[PDB]
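You are given structure tokens for the same protein chain in two forms, set apart as structure 1 and structure 2.
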Structure 1
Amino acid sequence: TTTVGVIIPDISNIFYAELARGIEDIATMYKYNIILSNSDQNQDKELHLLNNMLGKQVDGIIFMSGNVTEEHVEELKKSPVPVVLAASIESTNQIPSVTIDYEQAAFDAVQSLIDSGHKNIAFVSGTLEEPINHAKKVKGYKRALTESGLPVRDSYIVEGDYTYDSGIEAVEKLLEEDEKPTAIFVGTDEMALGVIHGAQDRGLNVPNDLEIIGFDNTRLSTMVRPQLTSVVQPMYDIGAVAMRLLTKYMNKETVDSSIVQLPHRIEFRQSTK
């Protein structure tokens, strides 16, 4: 029989949680047995999980993390069993990875903010260190302002950390600036509920005083008020392809396209005029 192993950053964190559920759902389709494991997002535990999973002998690994290092693409290269990344980037493009066009998405995201007539837009993203941010999402966000004749302010990109509280912190200062960012884009639902509450905890009204678009599209996007607009990341699908992609790599077959991208979109809601 076959038992695949998934490994994520925060078993709690709604996104990896939901995503993980999907794999469960999809594994019950195939007749696979899922094995989860946490890394709290520190390479060591990640790299050692590559060893704990093998020692617990599992057919394939569905790796997950907002940061894949040089040592990963390397240590993982000789990994005993097949492995495909899920919803995660790997700048070297050597590792199999099924995801979305984060870069483009960030763009749809702020082109509509301009469709609305917003001129100076701000950006609250996770830790700039990680790849998805500094080289995919920030870019898409500049793609727009730059292409759509609009000064790329530097004070309009704020250092985040994925904490609802952190989110709250970003908007405090974004409101400090002489210019009032009448439209913020936040690369995460978690932080969005932070931004939304922050501007409200201070008196501003969303979306009549400050638009807000987030990422992931999680249950958290319908649990705010105004319900939040999130870029939709095809959860079930990502997990869905990622699984048959692996099934292929475990059947020692050939993968024509190893780095697959799925289509994204933007669900609009009461958090935007």
Structure 2
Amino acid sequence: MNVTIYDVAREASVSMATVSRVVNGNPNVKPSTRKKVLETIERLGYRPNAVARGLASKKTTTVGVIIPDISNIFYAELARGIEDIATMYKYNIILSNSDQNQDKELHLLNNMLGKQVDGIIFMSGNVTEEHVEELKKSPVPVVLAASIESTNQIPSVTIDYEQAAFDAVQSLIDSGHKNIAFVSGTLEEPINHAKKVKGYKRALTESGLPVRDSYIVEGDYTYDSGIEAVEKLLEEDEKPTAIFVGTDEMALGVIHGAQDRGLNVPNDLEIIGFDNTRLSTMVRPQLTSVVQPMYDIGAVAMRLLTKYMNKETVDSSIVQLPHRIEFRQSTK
């Protein structure tokens, strides 16, 4: 434990500039004299100090990650995605929950940089103009993962929530649907307003079915917003023939409330979701959804950050990742 590097320099009877080498598999050191020292090392119980080194070498081999909430499956999988990769590349990570609130993100980003990180993976649902003023000042590489960025000024990783919007709905147009509604999350959110509705919309105007502003019923992302969004859409008027939901947990509500009034999901109303989270199979008629690989985003995000931190010029700081449709049984 306290047997410092110097303590070992004695057992091995070599300098410390030398154990420093053995410890890190340095450039040349006799196989006999290296396993000689590494030998008396384990003998003791010496444990290299990551803080002494951090200081002496200005690198910690730890990244800082700031996601809204590791409690919500979305981020957690994304987080898993990051961790496995940081580890794959011998990095420890520092996790902190911001909860999408403007101050903490900056506090954290400070404590982070203050805690001497080697890179930052930031993720939020609304990357304010200030954030970029902010994030661009950092002294280390920074990348967004599935995070809503505008000027494409700071490296990001994601899938075209716009195309994925279009592709998803199109599927529905191709089958004979003129009255297709759209449930979604907080309107004050880029992913929604910015790309979600955009895709949905152009989808129709592209087919010639301008859309009823009302046909964009929203709500907080829970299963609650589901039976909610349904009841409202239905009784209201026109009783759409198909729905589209901004996530999976909502799509579920969309499906039960539709079964509650009396409709048949596979038939009468065909619904379709986004994300395709575990729960996409955990429902009555399994929910056809638009695949968003949150694990690859995080995995990739961290990997990009890995190059930057190792100075390789791996350009295309804006990475897109294949999304896709998975029709299980929901949509005829």
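Superpose the two forms; the largest set of C-alphas matching within 1.5 Å is the rigid core. Residue 1 is the first residue of structure 1, and the numbers go on in sequence order from there.
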After superposition on the rigid core, does the Cα atom of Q57 shift by at least 2 Å between structure 1 and structure 2?
yes
Relative to the superposed rigid core, does the CA atom of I168 travel 2 Å or more between structure 1 and structure 2?
yes
2 Å or more on the CA of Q200 between structure 1 and structure 2, with the rigid core superposed, yes or no?
yes
Core superposed first, then measure: what is the displacement of the CA of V255 between structure 1 and structure 2, in Å?
4.0
Using the rigid core as the frame, report the C-alpha movement of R225 between structure 1 and structure 2, one decimal, in Å.
2.2
Core-aligned, what's the Cα displacement of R153 between structure 1 and structure 2 in Å?
0.9
